[PDB]
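So the structure is just underneath, and the comments pick up after that.
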Amino acid sequence: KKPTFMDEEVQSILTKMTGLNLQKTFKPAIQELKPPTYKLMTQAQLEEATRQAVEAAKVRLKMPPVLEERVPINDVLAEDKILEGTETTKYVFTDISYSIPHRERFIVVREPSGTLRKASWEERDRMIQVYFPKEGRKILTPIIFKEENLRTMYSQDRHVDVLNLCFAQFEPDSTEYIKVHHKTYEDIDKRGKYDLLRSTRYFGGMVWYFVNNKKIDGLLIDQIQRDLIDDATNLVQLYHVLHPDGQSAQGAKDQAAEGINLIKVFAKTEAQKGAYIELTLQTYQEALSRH
Amino acid sequence: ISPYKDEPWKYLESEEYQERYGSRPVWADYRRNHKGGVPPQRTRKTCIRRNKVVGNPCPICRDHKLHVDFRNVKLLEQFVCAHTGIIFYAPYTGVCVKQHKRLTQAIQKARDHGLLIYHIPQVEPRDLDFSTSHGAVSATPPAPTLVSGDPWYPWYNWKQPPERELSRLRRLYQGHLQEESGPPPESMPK
Amino acid sequence: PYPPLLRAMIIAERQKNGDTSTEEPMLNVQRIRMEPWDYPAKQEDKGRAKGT
Amino acid sequence: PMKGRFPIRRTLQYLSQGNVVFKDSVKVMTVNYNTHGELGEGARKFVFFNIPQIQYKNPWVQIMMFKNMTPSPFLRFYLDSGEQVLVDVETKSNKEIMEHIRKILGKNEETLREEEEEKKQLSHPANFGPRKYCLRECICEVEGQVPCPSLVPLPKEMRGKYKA
Amino acid sequence: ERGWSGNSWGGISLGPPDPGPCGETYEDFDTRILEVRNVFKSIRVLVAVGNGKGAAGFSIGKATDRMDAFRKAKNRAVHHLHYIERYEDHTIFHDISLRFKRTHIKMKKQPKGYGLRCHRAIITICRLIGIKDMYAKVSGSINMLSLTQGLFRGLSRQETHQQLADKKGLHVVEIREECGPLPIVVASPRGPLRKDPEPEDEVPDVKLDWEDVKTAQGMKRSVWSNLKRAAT
Amino acid sequence: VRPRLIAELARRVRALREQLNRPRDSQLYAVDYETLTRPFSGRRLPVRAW
Amino acid sequence: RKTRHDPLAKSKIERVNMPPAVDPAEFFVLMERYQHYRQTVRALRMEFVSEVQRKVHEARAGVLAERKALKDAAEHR
Amino acid sequence: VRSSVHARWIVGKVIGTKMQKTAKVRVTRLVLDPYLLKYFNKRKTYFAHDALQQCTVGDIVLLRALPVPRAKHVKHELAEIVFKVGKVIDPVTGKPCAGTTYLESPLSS
Amino acid sequence: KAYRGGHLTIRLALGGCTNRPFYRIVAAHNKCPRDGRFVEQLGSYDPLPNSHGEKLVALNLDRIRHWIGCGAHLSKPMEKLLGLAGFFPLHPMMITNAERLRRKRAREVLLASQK
RNA sequence: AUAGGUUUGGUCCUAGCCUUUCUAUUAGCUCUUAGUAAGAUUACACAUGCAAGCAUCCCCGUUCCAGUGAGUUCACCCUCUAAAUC
Ligand code: FES
Ligand SMILES: [K+]
Ligand SMILES: [K+]
Ligand SMILES: [Mg+2]
Ligand SMILES: [Mg+2]
Ligand SMILES: [Mg+2]
Ligand SMILES: [Mg+2]
Ligand SMILES: [Mg+2]
Ligand SMILES: [Zn+2]
């Protein structure tokens, strides 16, 4: 079947394409500061500490799962017409039993008409935040997510901040989460700011979105210009496996394209700007020969 | 009357501001007057009472061209620690309590508008499992009464008592009776 | 019948535990005999007015 | 400065640094050790450094010490069932003794995490009450709800003075 | 501008030192009065000078006229300069506990933005030196001259990270909570690296101060500690 | 603890005096039909019984 | 509130609590509704009591609890 | 559930034997000084039933809680003598010893 | 504390401020003060509509069931709240009051028609 | 405590007292509005009016709530086991 985002193979290629820069991953945070500690270590001990930091970064860079938009909840439990007109405002009942997953937690609404129905997704999230507050999440939607403030955030090249705020505020399968993430990805593609997301956990999701929407040209060009040729070839391979019935896949199979030939075949078959891909690849090869 | 009221940030890029303050914060040269070596733990409520300035106005009140606005990000940055991102308490800079509250509100508004950079942490997911198959969020099978349109229990509806029982009640409560009530309206009267 | 929310919770628990039965949850009231309020109570357990 | 050699032993951080939480069976721990003799060195250190930590993590276990009563050091644990556990500690370092006692009679990390999760349930985040027990005092502290009249006066229509 | 108090000479600036007979100018140096005393009459002044970039000193001047004492003290101070090593040019390299005569000075290295929470004379001397973040507590007799001497001695006898690396022949690696588990190597020996590690001291035999432990455990309750103050 | 013996004596004496001065049914449940009140206590009966 | 030793107010000695009048049909319907509601609530209460007792029994002599006890004893040995 | 006595198993030194079939035992526990954060010994006296009167002053004994107190102050019984005074047997090797010296060598057996 | 007789009951303890009520659903001894000692807090109830026009009710259903199975009684407002939630059948008085309101509004509409 | 003033003809040391900070009560002088919280000094004496009824009679409740701080290691944990709810 078609690979899922969480498959071992796709996860491995996305992890290798993301990269791991310890300086960017553990950049100094602006927060309450304490006096630093110091240790005397040998070369072996320093290497041990470096590998432990690499493991910590690997844990930090764990990609969030990519989920499909949740179906709206429209379910009625009861219709007690006797209660119609006896109340002016709806009652929201939340079951706050502690040891229950929040997606298995019963939340219901008794409307003024007497209808006992299941709470909508937005109401469910609001109630869960009210009674089980999560750090970083606000009961009322923050104004930063309005598209004007989002343009401002993008203009300041703070896309990672926007994605972190989105992850803190919205559930992965919510409409707002998907919309904000897609808008950020669109801005990144339109302004060639892919390097902002490298060495972060959102790069895999961005690459997945670009591949699924067949708009990997800009990312491929950026990778070629940054001499990450292996990443570009792996991106072409991921495009082929995600679209095995596409012209690029059959072209690579027919011409037996490996390595750079895969990129050339993709540029000739299914590239919206294949000419610039060819130009950049030729420039990269010429520079490689000169070096 | 300040010509920078509509666009406060302009004042911070003017040559008058550079001459007055240079590169140091607007509060750098201010000093509170008080008794003792330990100052009071709060600043004065306000430097302006009934449109009259006090003898030693704070850094904000001493310059009428300095406007506390969420768009004047450069001014607001001077009252936030660049190394920890925390707003200085009022005694730190000597700003009066009113101006300190206004500065805090403006800084929060600028941060909420994406105009002021602040540390946003990376948080973990709320739930460990994202399945939406449970009945709490899925569709519960309708009960037979719901399908048939009947009330959940038969006694939710009014059933007219037999005449014999009504006569028995009338005998039981001789002289202490109201008018008998018939079946209620089927729907809520509009 | 069970109350609406309790019925829904019972059905959800059954579906979570793998049970796919379509039988409605039902409350047995055969063991609940509603005795008329005017039935004689136990006079042996009743108290007595104290002398004052 | 702080009195005595190794004053760090008399700080709550060091006392809490111990990793030995005895099972409920243990009631008494006797420590027979010798003040002199190289082979007992670790035992002496075990008395000097780790007995305070063990007692701190096990306040109800009776720990008693005995000096120069036997040719070799040893530990004896008395259990509630009446069983006795003898641990020879001659030639062993203090860290080795700690690891051995933790292995044979110490609660594993799984039980400790289970206990911590059990403690977590007592403080329900949804409950409202004094800050000593609850995150929030009133629902008025929740955004979107009607705020406290102390900070924001209620509309005249919602006040009994102007409803009467 | 007033000094530490309205009627106090301490903390008042005397301007740059005069050009010396050697022919050297000192326009980048600032002078601050630390003490003025009547000698029974003449005037004895203790002053400190510094350029704000690690070079600082202090001197005593005695004269019948106060201005002559100021000039003498300043001119002698510029010729007895210390150099003070600064970690990242804002703080000290490590905590320093010293006792000069009966005056005890405990100084603590602090992160950026912490400010100067120190005795007012220590604040002035730090500003002259260029130290921007440090904590200091003075105990015993508060004698200005002894305080200055002990401060300068302790600040001049601090070991830098490079010196420690050369002495131990090992990498000095800094761990910052804000930077996560990233190891930041701040100093490496100029010579070869020793291959055997430092002994993993299970419990070091360090001399702890009861005030620091009490503060860490929360048993310190002083109404005067951690009070809000103006920027220093 | 300093014993409280007077309490013991009082409880025993009250128990004995309540067991020996029991009001009888003829006294407790007599009724004055003109006012419909209990002469023993003076409390009037509920209206619905009159 | 008053204790049993406090005298009754002199303004209430002649107080007669007149019972409220009765609407026969509503009275009968309400009586039946109360009977049915109390029956249902008693059934729910018995089921909740049974669940509580079952949980106590499963905590003390449950099969999982006994397996855990045996495992702990074997580990100790 | 097995006893109403708080202290179930305790180890102490016998300090008195003048009562018939009853040993007065001194039990030491470690109590943390709240200010100094140092552990000091806190002493408590217990009366233990000694049916055979085999306890001598100075020996280290183990006491087990009685199911119920047999007297006002007797809530325990002598389970065993851990160390007989001057007649200690090394638990590790099982050989008699006088202080830190073996009276009978372990190798002899 | 030992009370003469009594029983556990799940009820509403009133908190908040003047003209701003709020309720804590608590299982407590019936003889204890309304806002005094309780055995366990079983939920909350905000009777004032919020910015979304909703009255928020939180119910610890597991603990409510546990305490009902332990012999705890219920105050009438709690029976009405649980009936509204659908946890219990609708209390008879809610139905009766709804019918009374229906008849009263029918009388008002008939008055309007007569005029 | 980031400390400061004060002993001597003068220096250093030791040592007390006081100053600077934050609360609460009372007193002087002064005092515009709105919301909220809190509110005899006295276990001294109390005019007056209320603070416990319900209910087909029996019972039940008035042993609760509310008040005070005189006295003062009856409050907490374990064992056992009355009364009470289911
Ligand atoms: S404390 Fe919540 S309304 Fe006042
Ligand atoms: K009654
Ligand atoms: K008292
Ligand atoms: Mg002055
Ligand atoms: Mg003094
Ligand atoms: Mg003098
Ligand atoms: Mg006043
Ligand atoms: Mg019983
Ligand atoms: Zn001001």
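Lettering follows sequence order; numbering is per chain, from 1. Atoms considered below: every heavy atom in the structure, side chains included; atoms not considered: hydrogens, waters and symmetry mates.
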Those residues that, when tested against [X], pass salt bridge (charged side-chain N to carboxylate O under 4.0 Å, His left out) (two or more places apart):
{"X": "E:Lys214", "result": "E:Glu211"}
{"X": "F:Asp25", "result": "C:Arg48"}
{"X": "B:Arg170", "result": "B:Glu180"}

(request) Would you mind calling the pucker of J:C44 north or south from its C1'-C2'-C3'-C4' torsion? (result)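 North.
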What does the B/S/- profile of [range] look like, 5' to 3', with a 4.0 Å heavy-atom cutoff to protein?
{"range": "nucleotides 13-22 of chain J", "result": "SS-----BBS"}
{"range": "nucleotides 28-35 of chain J", "result": "-------B"}
{"range": "nucleotides 70-85 of chain J", "result": "---------SS---SB"}

On a whole-Å scale, what distance lies between the [atom1] atoms belonging to [N] and [M]?
{"N": "J:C50", "M": "J:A66", "atom1": "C1'", "answer": "14 Å"}
{"N": "J:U2", "M": "J:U21", "atom1": "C1'", "answer": "14 Å"}
{"N": "J:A47", "M": "J:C22", "atom1": "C1'", "answer": "47 Å"}

Going by atom type alone, with no hydrogens or angles, which donor-acceptor pairs under 3.5 Å involve a side-chain atom of residues 41-51 of chain G and a protein atom two or more places apart or on another chain?
| residue | atom | partner | partner atom | Å |
| --- | --- | --- | --- | --- |
| G:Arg45 | NH1 | I:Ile68 | O | 3.3 |
| G:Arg45 | NH1 | I:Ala72 | O | 2.9 |
| G:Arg45 | NH2 | I:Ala72 | O | 3.1 |
| G:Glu47 | OE1 | C:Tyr2 | OH | 2.6 |
| G:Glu47 | OE2 | C:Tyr2 | OH | 2.8 |
| G:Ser50 | OG | G:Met46 | O | 3.0 |
| G:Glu51 | OE1 | I:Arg65 | NH2 | 3.1 |
| G:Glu51 | OE2 | I:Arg65 | NH2 | 3.0 |

Using a 3.5 Å cut-off and no angle test, enumerate the donor-acceptor pairs between side-chain atoms of residues 36-50 of chain F and protein atoms at least two apart in sequence or in another chain.
| residue | atom | partner | partner atom | Å |
| --- | --- | --- | --- | --- |
| F:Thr37 | OG1 | F:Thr35 | OG1 | 2.9 |
| F:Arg38 | NH1 | F:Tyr29 | O | 2.8 |
| F:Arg38 | NH1 | F:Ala30 | O | 3.2 |
| F:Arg44 | NH2 | G:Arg15 | O | 2.7 |
| F:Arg48 | NH2 | G:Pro20 | O | 3.4 |
| F:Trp50 | NE1 | F:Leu45 | O | 3.1 |
| F:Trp50 | NE1 | F:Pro46 | O | 3.2 |

(message) According to ring-ring contact (aromatic ring centres under 6.0 Å, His included), does anything in residues 131-152 of chain E pair up with another residue at least two apart or in another chain? List the pairs.
(response) E:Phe58-E:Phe152, E:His82-E:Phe152
(message) With the cut-offs of 5.5 Å between six-membered ring centres and 30° between planes, do J:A47 and J:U48 count as stacked?
(response)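 Stacking between J:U48 and J:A47 is present - centres under 5.5 Å, planes under 30°.
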(request) Ignoring backbone atoms, establish whether F:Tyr29 has a side-chain N or O less than 4.0 Å from OP1 or OP2 of J:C59. (result)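 F:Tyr29 to J:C59 OP1/OP2: side-chain N or O found under 4.0 Å.
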(request) Verify the contact: side-chain N or O of G:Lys10 to OP1 or OP2 of J:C50, cut-off strictly under 4.0 Å; return yes or no. (result) no
(message) What I want to find out is whether D:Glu141 reaches D:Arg131 closely enough, with some N-O distance under 4.0 Å, to be called a salt bridge.
(response) yes
Listed pairs, N/O of protein and of nucleotides 52-56 of chain J, under 3.5 Å:
| residue | atom | partner | partner atom | Å |
| --- | --- | --- | --- | --- |
| J:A52 | OP1 | G:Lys2 | N | 2.6 |
| J:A52 | OP2 | G:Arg1 | NE | 2.5 |
| J:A52 | OP2 | G:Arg1 | NH2 | 2.7 |
| J:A52 | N1 | G:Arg1 | NH1 | 3.1 |
| J:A52 | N3 | G:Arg1 | NH2 | 2.9 |
| J:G53 | OP1 | G:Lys12 | NZ | 2.4 |
| J:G53 | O5' | G:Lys12 | NZ | 3.3 |
| J:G53 | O6 | F:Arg43 | NH1 | 3.0 |
| J:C54 | OP1 | G:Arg15 | NH2 | 2.7 |
| J:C54 | OP1 | G:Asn17 | ND2 | 3.4 |
| J:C54 | OP2 | G:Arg15 | NH1 | 2.9 |
| J:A55 | OP2 | G:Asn17 | OD1 | 2.9 |
| J:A55 | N6 | F:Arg44 | O | 3.4 |
| J:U56 | OP1 | F:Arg48 | NH1 | 2.9 |
| J:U56 | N3 | F:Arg48 | O | 3.4 |

(request) Would you please name every residue forming a ring pair (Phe, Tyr, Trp, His ring centres under 6.0 Å) with B:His176, sequence neighbours left out? (result)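 For B:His176 there are no ring pair (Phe, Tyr, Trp, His ring centres under 6.0 Å) partners, ignoring immediate neighbours.
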(request) Pull out every stem in RNA chain J, meaning runs of 3 or more consecutive Watson-Crick or G-U wobble pairs with both distances under 3.5 Å. (result) J:3-6 with J:16-19
(message) I'd like to check I:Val26 versus I:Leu42 (side-chain heavy atoms, cut-off strictly below 4.5 Å). Are they in contact?
(response) no
(message) Using only modelled atom types and a 3.5 angstrom limit, is any donor from either the side chain of C:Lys46 or the base of J:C58 paired with an acceptor on the other?
(response)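 Indeed there is one.
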